[PDB]
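Enquirer: Handing you a structure now.
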Amino acid sequence: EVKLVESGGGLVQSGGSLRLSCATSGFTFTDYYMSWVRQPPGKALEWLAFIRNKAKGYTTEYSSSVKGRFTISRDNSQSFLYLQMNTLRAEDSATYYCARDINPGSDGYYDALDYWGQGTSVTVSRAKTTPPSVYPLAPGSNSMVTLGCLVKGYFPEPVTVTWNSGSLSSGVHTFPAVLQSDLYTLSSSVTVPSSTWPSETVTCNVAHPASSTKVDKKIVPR
Amino acid sequence: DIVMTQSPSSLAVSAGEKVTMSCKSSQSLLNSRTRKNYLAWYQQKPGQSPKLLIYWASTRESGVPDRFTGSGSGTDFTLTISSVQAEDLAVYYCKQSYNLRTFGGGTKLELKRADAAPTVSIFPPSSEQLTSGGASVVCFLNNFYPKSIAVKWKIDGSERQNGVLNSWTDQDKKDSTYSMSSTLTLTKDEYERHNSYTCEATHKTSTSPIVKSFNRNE
Ligand SMILES: C=CCO[C@]1(C(=O)O)C[C@@H](O[C@]2(C(=O)O)C[C@@H](O)[C@@H](O)[C@@H]([C@H](O)CO)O2)[C@@H](O)[C@@H]([C@H](O)CO)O1
Ligand SMILES: [Mg+2]
Ligand SMILES: [Mg+2]
Ligand SMILES: [Zn+2]
């Protein structure tokens, strides 16, 4: 099974540097070109660079937008792909994806980016890291009931929310974060049969990797 | 410098209908020797990574349903989806790989469904927030269609305008509805000066506002 997992995303001050990684498994790494693609919040995908396979001498190419500024490399012994990013700007803020590129020497060569990691997020900003406050949303006072969590005042993005450790997935809405005064706020709602709450527990799980915050907040009536 | 552009930027279609979207390249993506066009289409569903649909202009990736058809040659290319499903909601990107790789700007495909009234829930501030001097009141408006809606907050009958932050989800991949969240943030001092807190939703499915409230002195 082909697997690609990006890491190293985070908050970085303008002009600073940051190096992402992409761990791979489930295929002969050195046989394949590898690419990095990125996506600013709400914008289009942008191809940034690739590095060729062993037969091709592991040579590199870059898009105009990052050439001279980013460096793509690979470690063929631990099967890692890297991207060193320098002199960072606000416009470099995005989710960065590593993607398996072509093996032109393969009898099954087809030209495309066929496997993509889940992406690692990067924010380029002078603002300070701030953990979220997580507050329960219970009705003050039929059939279904809607509960929620309010995740307030954090920086930077992202945060993740699940309910009962993912075992509640249907009936969930997690709203896109909104930025205000250098601080994000987002909410999540979950809707369950009133027969199952509060007789059964409902808990939201909130993580904020930039501050290593992990929270479980039980929604109790009141 | 191959420039990719796509059309339309966005559109909406009812389930079971046919969708045609277009991709143009500033130069030919065709290798005359091999007869291959270096053009691929990717699907990106909300909150997911991009997924490969088609490569070489017309070859379907394994696992991809045949309602997805890729055609075209040289500089002009077309992705067609017949009998669109609700799950097909996504941004669709074409990408040249003839000279390095360049992505188009994408086409946002949305789905038309019957109108649906929002389900509105209001939530008072938690005692844990209050204990720190702040007071947020939240309003969820869930599973409506169409997207267009307006929420008014009223404090003791009068509209409050500032302190309000709003957010809309992407379309639901299942029921093709939208949802919205509206949060009113006050200091504990402000919140304690008033009693009635009201969230009012304006949507074409109802001639009068859809209201939820609570009283602080409840
Ligand atoms: C069928 C491929 C023929 O040219 C190759 C080869 O060894 O098969 C592969 C070429 O691949 C690239 C490249 O830049 O490495 C990437 C491909 O996705 C595509 O962009 C092609 C491009 O269409 C070639 O004109 O280039 C390349 O390595 C190539 C050498 O540059 C020339 O032989 O070799
Ligand atoms: Mg829903
Ligand atoms: Mg007032
Ligand atoms: Zn070169």
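Enquirer: From (1) within 16 Å of ligand 2 (Cβ to nearest atom); (2) of a type outside the set (A, V, I, L, M, F, W, C); (3) surrounded by 17 or more Cβ atoms within 10 Å (Cβ to Cβ), pick out the condition that doesn't hold for residue B:175.
Expert: It is condition (3) that residue B:175 fails.
Enquirer: Given the conditions (1) surrounded by fewer than 18 Cβ atoms within 10 Å (Cβ to Cβ); (2) facing another protein chain (nearest Cβ under 8 Å); (3) of a type in the set (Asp, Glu), which single one is not true for residue A:91?
Expert: (2)
Enquirer: Then there's this: Please identify the pairs in which a residue from the stretch A:55-67 that is on the phi > 0 side of the Ramachandran plot has its Cβ atom under 6 Å from the Cβ atom of a residue that is within 14 Å of ligand 4 (Cβ to nearest atom) and assigned to a loop (DSSP other than H, G, I, E, B), counting only partners at least 6 apart or on another chain.
Expert: Every condition considered, the pairs that remain are A:58/A:52.
One line per residue, one yes/no per condition, for (1) among the β-branched types (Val, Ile, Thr); (2) farther than 20 Å from residue B:141 by Cβ; (3) surrounded by fewer than 21 Cβ atoms within 10 Å (Cβ to Cβ):
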residue	(1), (2), (3)
A:170	no, no, yes
A:176	no, no, yes
A:179	no, yes, yes
A:184	no, yes, no
A:187	no, no, no
A:192	yes, no, yes
A:201	yes, yes, yes
A:205	no, yes, yes
A:213	yes, yes, yes
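Enquirer: Which residue, of B:120, B:137, B:164, B:151, is within 16 Å of ligand 3 (Cβ to nearest atom), buried (at least 21 other Cβ atoms within 10 Å of the Cβ) and either among the acidic types (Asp, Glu) or not assigned by CATH to the domain that holds residue B:83 (or both)?
Expert: Exactly one residue qualifies, and that residue is B:137.
Enquirer: Further question on the same structure: May I ask you to list the residues in the stretch A:72-88 that are out of contact with any helix residue (DSSP H, G or I) (no Cβ under 6 Å at 6 or more places or on another chain) and surrounded by fewer than 17 Cβ atoms within 10 Å (Cβ to Cβ)?
Expert: The answer is A:73, A:75, A:77, A:78, A:84, A:86, A:87.
Enquirer: While we're here: Would you mind stating whether residue B:93 is within 13 Å of another protein chain (Cβ to nearest Cβ) and part of a strand (DSSP E or B)?
Expert: yes
Enquirer: List the strands (runs of 3 or more DSSP E) inside the stretch A:111-174, counting only whole elements, that have at least 3 residues being within 21 Å of the chain's Cα centre (by Cα).
Expert: Because the criterion is at least 3 residues that are within 21 Å of the chain's Cα centre (by Cα), the strands (runs of 3 or more DSSP E) in the stretch A:111-174 that meet it are A:120-124, A:144-154, A:160-163, A:172-174.
Okay, residues lined up against (1) farther than 30 Å from residue A:121 by Cβ; (2) in contact with a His (Cβ under 6 Å, 6 or more places away or on another chain); (3) more than 16 Å from ligand 4 (Cβ to nearest atom); (4) in a strand (DSSP E or B):
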{"residue": "B:6", "(1), (2), (3), (4)": "no, no, yes, yes"}
{"residue": "B:42", "(1), (2), (3), (4)": "no, no, yes, yes"}
{"residue": "B:53", "(1), (2), (3), (4)": "no, no, yes, yes"}
{"residue": "B:64", "(1), (2), (3), (4)": "no, no, yes, no"}
{"residue": "B:69", "(1), (2), (3), (4)": "yes, no, yes, yes"}
{"residue": "B:72", "(1), (2), (3), (4)": "yes, no, yes, yes"}
{"residue": "B:84", "(1), (2), (3), (4)": "yes, no, yes, no"}
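Conditions (1) within 16 Å of ligand 2 (Cβ to nearest atom); (2) away from chain B (no Cβ under 13 Å); (3) surrounded by 18 or more Cβ atoms within 10 Å (Cβ to Cβ), marked per residue:
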{"site": "A:2", "(1), (2), (3)": "no, no, no"}
{"site": "A:14", "(1), (2), (3)": "no, yes, no"}
{"site": "A:29", "(1), (2), (3)": "no, yes, yes"}
{"site": "A:52", "(1), (2), (3)": "no, no, yes"}
{"site": "A:65", "(1), (2), (3)": "no, no, no"}
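Enquirer: Residue B:76: more than 11 Å from every other protein chain (Cβ to nearest Cβ) and closer than 24 Å to residue B:2 by Cβ, yes or no?
Expert: Spelling it out, residue B:76 is indeed more than 11 Å from every other protein chain (Cβ to nearest Cβ) and closer than 24 Å to residue B:2 by Cβ.
Enquirer: Looking at this structure, is residue B:181 at the interface with chain A (Cβ under 10 Å from one of its Cβ atoms), within 17 Å of the chain's Cα centre (by Cα), buried (at least 20 other Cβ atoms within 10 Å of the Cβ) and not charged (D, E, K, R)?
Expert: Yes, satisfied.
Enquirer: For the stretch B:32-44, enumerate the residues that are within 10 Å of chain A (Cβ to nearest Cβ), surrounded by fewer than 22 Cβ atoms within 10 Å (Cβ to Cβ) and under 16 Å from residue B:72 (Cβ atoms).
Expert: B:36
Enquirer: Check B:51, B:18 and return the single one that is within 12 Å of chain A (Cβ to nearest Cβ) and either touching a helix residue (DSSP H, G or I) at 6+ places or on another chain (Cβ under 8 Å) or within 30 Å of residue B:177 (Cβ to Cβ) (or both).
Expert: Result of the check over B:51, B:18: B:51.
Enquirer: Quick one: in the stretch A:94-110, which of the residues that are assigned to a loop (DSSP other than H, G, I, E, B) and within 14 Å of chain B (Cβ to nearest Cβ) is farthest from ligand 1 (Cβ to nearest atom)?
Expert: Going through the qualifying residues, I end up with A:108.
Enquirer: Among (1) under 20 Å from residue B:98 (Cβ atoms); (2) away from ligand 1 (no atom under 16 Å from the Cβ), which single condition is residue A:3 missing?
Expert: That leaves (1) as the condition not met.
Enquirer: I would also like to ask the following. Just one of (1) over 30 Å from residue B:86 (Cα atoms); (2) more than 12 Å from chain A (Cβ to nearest Cβ); (3) under 31 Å from the mean Cα position of the chain (by Cα) trips up residue B:176, so point out which.
Expert: Among (1) over 30 Å from residue B:86 (Cα atoms); (2) more than 12 Å from chain A (Cβ to nearest Cβ); (3) under 31 Å from the mean Cα position of the chain (by Cα), residue B:176 violates only (1).
Enquirer: Here's something else I'd like to know. Please go through the stretch A:38-56 and give me each residue that is outside any loop (DSSP other than H, G, I, E, B) and more than 23 Å from residue A:7 (Cβ to Cβ), ordered by number.
Expert: A:54, A:55, A:56
Cβ coordinates were reconstructed from backbone atoms using ideal geometry, including for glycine residues, and neighbour counts include every protein chain displayed. The values are calculated or read from the model by the stated rules, or taken from the named source; no laboratory instrument gave them.
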